[PDB]
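One chain comes next, on its own, written out as structure tokens in the form deposited in one PDB entry.
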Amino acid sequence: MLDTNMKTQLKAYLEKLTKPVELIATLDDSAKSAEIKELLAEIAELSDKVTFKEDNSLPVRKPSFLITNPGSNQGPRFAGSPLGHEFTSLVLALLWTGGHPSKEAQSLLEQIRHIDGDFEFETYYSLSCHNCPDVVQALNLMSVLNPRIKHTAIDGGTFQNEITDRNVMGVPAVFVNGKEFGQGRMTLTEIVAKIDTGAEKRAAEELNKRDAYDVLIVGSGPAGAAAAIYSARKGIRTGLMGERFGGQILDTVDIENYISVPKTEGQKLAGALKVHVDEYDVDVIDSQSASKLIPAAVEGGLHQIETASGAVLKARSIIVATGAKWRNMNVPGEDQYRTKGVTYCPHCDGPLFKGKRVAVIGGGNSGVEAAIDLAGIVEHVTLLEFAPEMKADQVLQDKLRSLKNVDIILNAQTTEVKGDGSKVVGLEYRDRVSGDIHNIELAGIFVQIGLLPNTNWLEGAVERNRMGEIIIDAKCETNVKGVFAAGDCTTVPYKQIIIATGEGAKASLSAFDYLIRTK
């Protein structure tokens, strides 16, 4: 079966074996079974560390053989001929099983050992195929590294009926637990990536190892970033964790009121915040969400933050800077025209609409103030109120109705934002009583339905007002000793970047003062 060349190479690699290896065949009386038998004999005679056994009573394919260690049933199975262009695959299988290490990275190898699921792989190959080896070898290696991962490599030239019954149209053809998995060349990395779902757990295990922090800042927007800088500058152990470094500003373009910078941009500004943070000793943790706070049982103890990923961080002081989310209209066109006429901020975008018509969505204090605000700058304001009447303070309603370039539409529910492919040109809405549809021509839509502070994760831990805002005092202190908050998520009455950053700096100074008095 093997020629002189093949024996020579094989004997060369068998000499790299440390551990003994068993080849357990299950055969019938076919010529192909005889060939396999002859084959395993030739390999065995090339090494005192390779033993050939039969066990023809096993419920596996005939012929096939298992590549395993003494006293084990773990390892790759080859059904049919393992020669032709699978010869290298066979050789590698003997090697790995007998102790010889893979060339793959250790990140990859550990990942494979830690795969947390039960998988039975079957690879259909043929002896002339050039894409098959890499696939077969990848799966083979996994069977060696992880006993929950099983692999049988099948020669389609021996099991033609399986090829036909299973409607395999090309090789290599992979199935996992009976389901089609892949076709064509896949890398070990790719295969591992298809089935591994342990990334979240690994990240969480990294985090669990972190030492306690002097200050742990939750939320990495402008407020959290500012706090981190003020904290780290004092040389204390500072952690900064957040879902997305940069916060709300990543979703805007032009910013013209970040004091002393006449014009910057949301993405650019977040990049600058990151550079400023990285000048100091800040442990920045990204793509993580605090899911619970557990206050120290007594003052001076450690506060604990749990993450959605399952980790627990601990710290002598906490700064909550999780900001907020504006409520959307949830209509077609809305997302598409964000920064192109749809805006959530009159303080920010008001001056860009001189001589233009705009709408304000929402009739509470925010919307109605926004309307009055814009009315003094723009040519015309239409306010849309969903309900039969506005909720805003009466003095605001009176003021707005006194304005000459304003109309108010009650019972009005936006249905669509209309643009010209580039910017907003109008608004479609429904009158909720009659059901009639109406269109308004305008250049801007200020959505002012309400703000949603990112604080429900804190329910029962720290006190919030009736709007979800974390109640703070002048020192950014919550009702929990050692726990502070800064920026949009708090009761700070205005939501702006320069405001958030000032608060993050106050909160950080307060947290430091707290550490001095309790440590």
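Take the two forms, superpose them, and find the largest set of C-alpha atoms that agree within 1.5 Å; that set is the rigid core. Residues that one form lacks are left out of the comparison. We number the residues from 1 along the sequence you see.
Keep in mind the form deposited in another entry is missing from the figure; the text below concerns it.
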Return yes or no for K32: a CA shift of at least 2 Å between this form and the one not shown, with the rigid core superposed? yes
So, does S231 move by 2 Å or more at the CA between this form and the one not shown, with the core held fixed? no
CA-CA separation of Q106 and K209, closer or farther in the other entry than in the form shown [shift of 3 angstroms or more]: closer
Per the comparison in the other entry, the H114 and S291 C-alpha atoms (change 3 Å or more) are positioned farther
Can you give me the runs of at least three consecutive residues whose Cα atoms all move 2 Å or more between this form and the one not shown, with the core used for the fit? 1-201
